[PDB]
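[1] pasting an experimental structure, sequence included:
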Amino acid sequence: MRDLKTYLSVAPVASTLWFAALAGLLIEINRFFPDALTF
Amino acid sequence: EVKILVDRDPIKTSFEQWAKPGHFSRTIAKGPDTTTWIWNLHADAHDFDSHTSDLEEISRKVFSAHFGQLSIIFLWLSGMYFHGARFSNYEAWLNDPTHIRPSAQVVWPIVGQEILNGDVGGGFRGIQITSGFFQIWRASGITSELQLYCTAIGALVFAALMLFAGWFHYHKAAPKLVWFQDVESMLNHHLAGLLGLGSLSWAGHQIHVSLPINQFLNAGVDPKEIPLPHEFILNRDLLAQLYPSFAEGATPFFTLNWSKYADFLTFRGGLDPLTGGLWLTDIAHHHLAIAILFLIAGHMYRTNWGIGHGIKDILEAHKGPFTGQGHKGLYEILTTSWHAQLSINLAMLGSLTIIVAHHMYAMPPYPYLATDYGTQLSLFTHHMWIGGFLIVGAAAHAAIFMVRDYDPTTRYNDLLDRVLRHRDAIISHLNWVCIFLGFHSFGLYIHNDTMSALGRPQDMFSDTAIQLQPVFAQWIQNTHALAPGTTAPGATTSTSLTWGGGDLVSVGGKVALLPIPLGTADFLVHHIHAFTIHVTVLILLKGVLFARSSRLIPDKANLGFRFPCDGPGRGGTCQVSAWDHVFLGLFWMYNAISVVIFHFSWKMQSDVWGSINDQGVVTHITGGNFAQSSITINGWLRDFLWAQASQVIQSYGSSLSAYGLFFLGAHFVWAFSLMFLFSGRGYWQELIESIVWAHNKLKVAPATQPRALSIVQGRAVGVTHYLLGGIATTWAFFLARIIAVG
Amino acid sequence: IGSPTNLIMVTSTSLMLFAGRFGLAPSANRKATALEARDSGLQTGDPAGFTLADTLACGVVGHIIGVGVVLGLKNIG
Amino acid sequence: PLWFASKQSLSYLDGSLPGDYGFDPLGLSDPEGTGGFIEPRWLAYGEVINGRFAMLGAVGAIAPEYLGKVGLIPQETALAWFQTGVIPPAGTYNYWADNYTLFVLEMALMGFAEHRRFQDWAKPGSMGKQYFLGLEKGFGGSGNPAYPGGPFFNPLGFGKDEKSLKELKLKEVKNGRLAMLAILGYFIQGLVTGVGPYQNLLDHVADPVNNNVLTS
Amino acid sequence: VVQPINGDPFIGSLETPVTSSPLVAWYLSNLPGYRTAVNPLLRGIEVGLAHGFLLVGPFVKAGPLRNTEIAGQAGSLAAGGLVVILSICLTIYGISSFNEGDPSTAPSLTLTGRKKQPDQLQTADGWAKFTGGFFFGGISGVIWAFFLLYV
Ligand code: CLA
Ligand code: CLA
Ligand code: CLA
Ligand code: CLA
Ligand code: CLA
Ligand SMILES: CC1=C(/C=C/C(C)=C/C=C/C(C)=C/C=C/C=C(C)/C=C/C=C(C)/C=C/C2=C(C)CCCC2(C)C)C(C)(C)CCC1
Ligand SMILES: CC1=C(/C=C/C(C)=C/C=C/C(C)=C/C=C/C=C(C)/C=C/C=C(C)/C=C/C2=C(C)CCCC2(C)C)C(C)(C)CCC1
Ligand SMILES: CC1=C(C/C=C(\C)CCC[C@H](C)CCC[C@H](C)CCCC(C)C)C(=O)c2ccccc2C1=O
Ligand code: SF4
């Protein structure tokens, strides 16, 4: 379990989770406030 | 004594090694000093040789990894069936296959991307697919999304079963070495078992499900009203009304009155004219006969009894005056070197895929496939690339075998030694024939371009000037067309409508196949193919024959399979490694396959594909322009690339615009690859030094010291982006063009 | 009987089983090269070195010869 | 006595096996390099367990067919094996529950019994340990997983001594083997004739010449 | 069958049915270029005769006038023109390779290993006479084909 938590922290795994979370956030901002060119 | 031999609990299942990057390698496991560590971790992940020298422990790794691959394929098929079930117009497509465009992917509405949901028919909006799954499911008698849902669940189950087996056969019950080496048992079980019982059991589905359901579809009855497949098993009279051979049941089979089954087991040939595909009664009779051949062939090699050969006996018995001892010693090599096995299998699997490309276009095996010009151009191209990649892989592991596994003291072989003893005669001969081919193929084009530019079209190699008629191919064509009445009496029509003769088959006003004419232009592009393939073999074969040594580098084998060079001396030794020959052969494989698929696209649009009239006036897509245009390079520039690129460069603003973006994107990645191929890591490492200084100035340098890619990586990165950008460009160019005009 | 094809099948089946029971075809205790005697290891209630797998071998080949002959004659006359 | 035995199958089948006829033409119980479910101790257990279920099945898959033709159970509850709802496309019958609801009760009841049984094979001393409605007094096994006995599985006291138990195990085994072939018989005769097993037994007496495996 | 060249397995060549067979070794030792003790001038005359005669074919039948009445004359002039330029290549090859005093750089041994006099073709004058024979032979061989084909 602690071995698993170490693996889940390895560069690639932490990157997909980080960027997945990022992509979801940016997608939903674009679903709620689409087509923003100003600001 | 061929028996099941397994070791119990070899490797403990633990996440301990997941937490330790590079555990498999003793060097990598210590951890990174530099960024180069990151890349070697990945480059060495599947190089099971470098992890362990024990052949048993290597075999266990490749065995469970194979289960891993099979798991991935089943999961891949699960999604294909699931999308057909949940996000497709397959049910609507069954009612109108001539018009409705297959679609099995739908994009969510975000950032304007809904435009990729195209008006494909059937009251559906989605991306037009070219994998051809719809023609498969129809030929399988699949009639509803419910049937695809169940196939997707079964595929998902098989994916779990295959993954379980991989963990099981590595951590719980791992076969011993001698179990893997029983090549006689394996060959028997694959011929009779996999190939035989696969073709027989699939023949059963074709008989009891695929034949009857397609007869209702072709008669015109609605799929929602066609009897479910199990009703042709529960009630034989349903079958007997379509094929009265089923009335007598399995009796005519055992009484050798096989001719009684001539209504669902045939030898007609040609294409079902109302569907455009091969006769499903010819196909079912094909799998039947094919299944018989493999079930008996799986009895050739000796196992736990007396009958059968030892494969070693057959090898050790073939040898001539020019060869000496012959195939002696090959059985020890092919039972102790995984790379020798992988080289042969890649060679044949690759070659076989290229054949599948040809046979599937000239003998369309699926209903309404031949007239889906987009699916058929995709299938031929897809399998050419897959085939060409696998072939280049054969040369690498042939080269890897020579560096790592070749040992004349323990596992000698006089055939391999005899070739090594005259590799200079082989490579110099292949060098000259390549120079001959290049001059007498591509040089003729240059002749034509120069003649045509000077206002002298009478001096060209053309059908209307100096003609180079492919007499031998023309002869073979005219032969096969006369086979059904003569040399193949049981055959009604030719095996393919391509066979120069016969007539034509159309589906929905679109031409499926007609006789393909072969003239001067076909002569030229065929000698380009022979030229490009020869140079590909020259580079790759040279790489394996001098993998151990050369007059320039006498101890090359000690430098390994994959190494940048042996320095600037001897005038310069960059790219002497066998690995670098594979690097150079990929570019030439890419070249060769690119003009093969270009040859395919232009010929089909020019002389085959098109629309047929009410009276039979065929209008081909590019109107026969192949004959006078494809004999100069300017003809390919102007009449092929410049003209057919219209669709992709005006795809913006329509559902084909994603091809527009991929067209430009792949150009970008291709140009980006040239940065790696044209430069060298010394420049980059010095650049990074100035950048590292800047980071140090602000206390932001990483402890993992940044390094330029290794010399070999630079080359690997270069060729990878070169192939990806190159091929993706043609992908986006082909699909936009064929979906817009097909 | 019901048919003359019955005569052709039992002929090839009995003749092939005959060619392996005593000799004139490779048995499980008699491999071939270009017939070297050997031992298999699967005992039988048949004392001629004729094994259980050997009856299947000739029995299958006896049908392959027969069916090829039966359908060869049937597709001619 | 040896049923097609070999001088390598005799190396590990030492006769100390109920039903040891030495038959192993593929060397399946070979103790060299075992693992998984290909294991000597486990294969004997699987022979016995499959043998016991087949004895219940070979009788039960022909008992309503036999009792029905005589007229001993109602003609609306006397069925062939493949037409009771086990294979709905071949035959159904309205029981007190749905055909799928019954299977849930089956796997629920068969779960408890087959799960607890597996623990005596894994941890022999168990099952008698953890409480279970006081029923755990007769769930301690015997050190033999396949022959636990006790007040629940040997309530009458058979296999009283050595010469009786091995004579009982030897007969218990050979019956399951024939019942397993019977279960195999009912299956192929069903798909090739479409009729029940006992009827196939009948028509081979009413006309052995024209009702045979060669006629179908 | 396939032996080491002259029994020496460490010379960079092989002796195969193509390199050294009784018929191969006879035909190759009978070509004018392997007549090591005969006059190099007469070698080149036979060489030029055979080549200039061969060159008339492709020039006439494939040239830019191949389908005209000026065909035989033009490709023949183009054939002699190819002999003229080749004779310059043969000449400058000799001026650069051989000096006015050097001995023959030809093998002085035989297949059995005995000492013979080297092929004087591989000398300055022996080359000068060979290329002189080629030029005379090549011009007349062009004319001889031009004689038989269009006269
Ligand atoms: C080769 C297989 C394959 C491919 C390429 C796709 C591709 C697609 N599917 Mg599909 N699908 C497949 C198999 C596949 N599917 C199978 C087998 C099933 C049945 C189970 C489905 C069921 C399915 C449904 C029900 C839907 C799709 C949808 C989609 C589309 C959007 C998916 C998306 O954005 O997810 C969102 C992205 C994520 C969930 C990724 C999250 C990122 C995390 C962090 C990654 C985790 C990484 C981790 C380390 C490893 C985890 C492994 C774990 C599984 C053990 C996309 C075109 C959607 C669609 O078409 O909508 C119109 C949709 O609704 N699919
Ligand atoms: C949770 C289950 C589990 C656990 C804890 C282990 C634990 C272990 N296994 Mg095992 N194994 C399992 C399941 C498991 N295995 C299964 C299902 C299989 C069948 C494939 C195997 C096959 C197997 C082999 C063949 C080997 C091991 C090895 C190991 C050891 C280290 C492996 C390692 O670093 O993994 C971490 C590795 C990964 C996380 C890689 C991911 C694996 C999947 C298949 C990748 C698929 C990704 C796919 C391509 C998508 C990517 C493409 C796209 C994103 C671009 C460790 C003792 C190795 C060993 O002991 O050698 C010293 C070894 O050689 N195992
Ligand atoms: C069944 C097929 C097969 C198998 C089992 C192998 C197996 C192997 N090969 Mg081989 N090979 C194959 C086919 C195969 N190859 C083919 C077809 C080619 C021709 C391209 C080669 C060329 C080749 C070379 C040149 C080398 C090997 C090497 C190896 C060994 C190490 C592999 C490793 O660790 O890579 C780890 C895998 C990776 C790091 C993956 C890299 C990512 C790839 C290159 C890009 C994929 C792009 C993708 C398709 C598109 C997505 C883009 C997207 C992400 C944006 C291993 C024994 C190496 C060796 O030394 O052997 C001992 C080696 O140097 N092979
Ligand atoms: C369009 C670009 C191009 C061209 C023309 C060539 C040409 C050649 N490459 Mg090459 N190559 C290229 C790109 C190119 N390469 C790239 C990008 C790579 C990197 C992957 C390589 C990697 C590579 C390798 C690894 C190999 C080759 C080989 C070859 C040769 C093949 C034999 C042949 O056809 O000779 C005939 C020559 C031609 C067909 C070129 C055109 C000739 C013209 C039309 C005739 C001119 C007549 C006359 C001279 C007029 C000029 C007069 C003037 C002096 C006034 C040939 C010289 C192979 C080789 O050497 O095999 C022998 C080989 O092994 N190349
Ligand atoms: C090509 C793949 C492959 C190969 C070569 C093997 C090879 C092996 N496995 Mg293995 N296995 C595989 C896939 C594979 N397995 C899969 C996918 C699973 C997951 C279910 C397993 C699960 C598994 C277990 C749990 C065990 C093995 C065992 C064994 C060994 C002995 C097997 C044997 O003959 O027992 C005899 C085989 C049987 C008694 C099975 C007969 C009936 C089954 C159901 C086969 C039916 C499969 C058939 C082709 C499917 C048709 C479906 C169609 C009709 C619809 C042997 C090394 C055993 C072992 O460790 O031996 C030492 C063992 O205990 N395997
Ligand atoms: C699509 C798909 C799928 C599915 C599949 C399937 C559905 C399959 C099936 C299959 C099957 C279902 C099979 C079957 C088989 C069978 C067999 C293979 C049989 C055999 C037989 C035999 C061999 C015979 C014998 C004999 C003889 C010879 C003589 C007389 C007697 C007897 C009859 C015994 C999955 C999900 C996976 C995945 C995804 C995709
Ligand atoms: C011992 C003895 C004896 C003898 C016996 C007998 C006489 C028997 C015979 C034997 C037999 C009687 C055998 C046979 C067998 C058979 C088999 C084994 C078969 C098989 C078949 C098959 C396998 C087929 C298949 C196929 C093919 C191959 C082709 C295609 C089609 C088909 C699918 C049909 C006596 C009495 C004298 C005395 C005492 C002792
Ligand atoms: C451009 C290129 C350079 C430099 C390019 C290298 C250094 C690639 C850099 C790869 C990545 C971008 C480095 C950073 C990777 C980290 C994982 C990034 C983390 C940040 C988050 C966003 C993930 C050389 O290494 C050289 C190698 C030899 C032949 C010529 C080539 C080549 O031309
Ligand atoms: S340039 Fe790069 S590859 Fe070529 S020799 Fe120098 S270091 Fe080695």
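    Structure's in. What do you need? Numbering: from 1, shown residues only, chains lettered A, B, ... in the order given. Ligands and ions are numbered 1, 2, ... in the order given.
[2] contacts, neighbours, all on C-alpha from now
    OK.
[3] which residues of chain D lie near chain C?
    Neighbours of chain C within chain D, by Cα under 8 Å from any Cα of the partner chain: D:4-7, D:25.
[4] may I ask which of those residues has the most neighbours?
    Using other Cα atoms under 10 Å in any protein chain shown as the neighbour criterion, residue D:5 leads those with 19 neighbours.
[5] can you give me the helices in chain E?
    E:22-28, E:40-62, E:71-97, E:124-150 (DSSP state H).
[6] same list, those, but as TSV with distance to residue B:621 please.
    TSV is the format used below for these (distance: least, Cα to Cα, whole Å):
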stretch	distance to residue B:621
helix E:22-28	57
helix E:40-62	37
helix E:71-97	43
helix E:124-150	50
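[7] of all those helices, which one is nearest residue B:627?
    helix E:40-62 (22.6 Å; Cα to Cα).
[8] return the residues of chain A in contact with chain B.
    Remark: the part of chain A in contact with chain B comprises A:1, A:3-4, A:6-7, A:10, A:27, A:30-31, A:34-35, using Cα under 8 Å from any Cα.
[9] count the neighbours of residue B:729 for me.
    Neighbours of residue B:729 (other Cα under 10 Å): 23.
[10] circling back: and which of the residues of chain A next to chain B is nearest to ligand 3?
    Nearest to ligand 3 among these: residue A:10, at 17.5 Å, using Cα to the nearest ligand atom.
[11] show me what contacts the closest one?
    Residues near residue A:10 by Cα atoms under 8 Å, 6 or more residues apart in numbering or on different chains: residue B:19.
[12] who wins for proximity to ligand 6 among the helices of chain E?
    Closest among the helices of chain E, using Cα to the nearest ligand atom: helix E:22-28, at 60.2 Å.
[13] now the residue nearest the centre of chain E: closest residue in space that isn't a chain neighbour?
    Among the residues of chain E, the one closest to the centroid is residue E:47, at 4.8 Å (Cα atoms, centre = their mean). Distances taken as Cα to Cα, 6 or more residues apart in numbering or on different chains put residue E:134 closest to residue E:47, at 5.9 Å, once the chain neighbours are dropped.
[14] what's the longest helix seen in chain A in contact with?
    Longest helix in chain A, counting residues (DSSP H): helix A:11-32. Under the contact criterion Cα under 8 Å, 6+ apart, helix A:11-32 has outside partners A:7-8, B:110-111.
[15] what do you get for stretch B:442-454?
    So stretch B:442-454 is contacted by B:457, B:459-461, B:524, B:528, B:631-634 (Cα under 8 Å, 6+ apart).
[16] and for stretch C:13-28?
    B:305-307, C:32, C:35, C:38-40, C:48-51, C:53-55, C:58-59, C:61-63, C:66.
[17] where's residue D:176 relative to ligand 8, distance?
    Using Cα to the nearest ligand atom, to the nearest Å, we find residue D:176 at a distance of 64 Å from ligand 8.
[18] report the next helix or strand after the helix or strand that contains that residue in sequence order.
    Using DSSP states H and E, residue D:176 falls within helix D:162-193. As assigned by DSSP H and E, the chain's next helix or strand after helix D:162-193 is helix D:197-206.
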